Amino acid sequence: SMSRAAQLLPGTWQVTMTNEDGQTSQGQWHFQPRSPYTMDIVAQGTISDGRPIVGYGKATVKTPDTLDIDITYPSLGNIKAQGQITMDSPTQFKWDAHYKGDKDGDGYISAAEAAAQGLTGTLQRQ
Ligand SMILES: CC1=N/C(=C\c2cc(F)c(O)c(F)c2)C(=O)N1C
Ligand SMILES: [Ca+2]
């Protein structure tokens with residue numbers, strides 16, 4: 001069924017990521033249900049350069065195993081990440097996405113900031 005993956009989400013997940021620059025991150029995603037198919041997300045964590053992660057976004061069912069994710073990170077100059085989480089097990093999801101925007105928060109979009117940058121990761125049920 002289309003909501004089988006969504007039904008697992010409500011609550012807190014441990015999240016680890018890797019970006020295209022070679023950095024890693026650790027933190028949490030918290031899902032708040034808004035319907036059988038949609039969730040609100042808040043995000044916290046730290047990048048391997050020490051920078052804090054603060055974000056909020058939304059999840060929407062796409063297939064029985066996947067959900068579309070859009071997250072904005074105020075702690076990272078309001079960069080926008082868009083991607084999909086794919087169910088791997090009842091307690092694990094895989095993350096594949098890309099982001100762009102004023103990551104360094106200086107108010108100007110540099111070349112590194114102008115195009116999409118890859119983001120991969122894993123979510124583990126806590
Ligand atoms: C661990 C974690 N990293 C997140 C985002 C994130 C991680 C990164 F390594 C980035 O370069 C970046 F632009 C965003 C997130 O929301 N969580 C929970
Ligand atoms: Ca910038």
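Residues numbered from 1 in each chain as written, not as in the entry; some residues may be left out. Chains lettered and ligands numbered in written order. Heavy atoms only, no water. Residues with missing side-chain atoms left out of burial classes, pairs and counts.

- What the deposited record gives as its method is X-ray crystallography, and the resolution it gives is 2.1 Å.

Quick notes on the pairing of strand β6 (residues 79-89)
Here is step 1: Across eight bridges, strand β5 (residues 66-73) lies against β6 in antiparallel orientation. Across the sheet, the residue bridging to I69 is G83, located in β6.
Here is step 2: Taking the residues that link successive antiparallel strands as the turn, the β5-β6 hairpin has five residues, and the phi of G77 there is positive, at about 55 degrees.
Here is step 3: Note: β6 against strand β7 (residues 92-100), nine bridges, orientation antiparallel. (Pairing = 2+ DSSP bridges. Helix = DSSP H or I, 4+ residues; strand = E, 2+ residues; numbered from the N terminus.)

Re the side chain of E113
Here is step 1: Within the fold, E113 resides in helix α2 (residues 111-114).
Here is step 2: Look at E113: it is buried, it has no salt bridge, and the nearest opposite charge is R51 at 6.9 Å.
Here is step 3: A distance of 3.3 Å separates a polar atom in the side chain of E113 from the backbone nitrogen of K103.
Here is step 4: When sequence neighbours within four positions are dropped, the list of residues in contact with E113 reads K100, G101, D102, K103, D104 and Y108. (Buried < 20%, exposed > 50% of the residue type's maximum accessible area, 1.4 Å probe, protein only. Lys, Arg positive; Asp, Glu negative; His and termini not counted. Salt bridge = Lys/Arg side-chain N within 4 Å of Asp/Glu carboxyl O. Polar contact = N/O pair within 3.5 Å; in protein donor to acceptor, adjacent residues only side chain to side chain. Contact = heavy atoms within 4.5 Å.)

Topic: the environment of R125
Here is step 1: Along the chain, the position of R125 falls in strand β8 (residues 117-125).
Here is step 2: With relative accessibility at 35%, the residue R125 sits in the partly exposed group.
Here is step 3: Along the chain, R125 and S25 lie 100 residues apart, while their C-alpha atoms are 17 Å from each other.
Here is step 4: Leave out the neighbours within four places in its chain, and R125 touches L8, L9, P10, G11, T12, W13 and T91.
Here is step 5: Only 3.3 Å separates the side chain of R125 from the backbone oxygen of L8, close enough to count as a polar contact.
Here is step 6: Looking at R125, its side chain comes within polar contact range of the main-chain oxygen of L9, at 3.2 Å.

Examining the environment of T86
Here is step 1: Structurally, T86 is set in strand β6.
Here is step 2: Residue classification places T86 among the partly exposed positions, given a relative accessible area of 33%.
Here is step 3: C-alpha of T86 to C-alpha of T63: the two residues are 23 residues apart in sequence and 9.2 Å apart in space.
Here is step 4: Setting aside chain neighbours within four positions, we find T86 in contact with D65, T66, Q92, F93 and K94.

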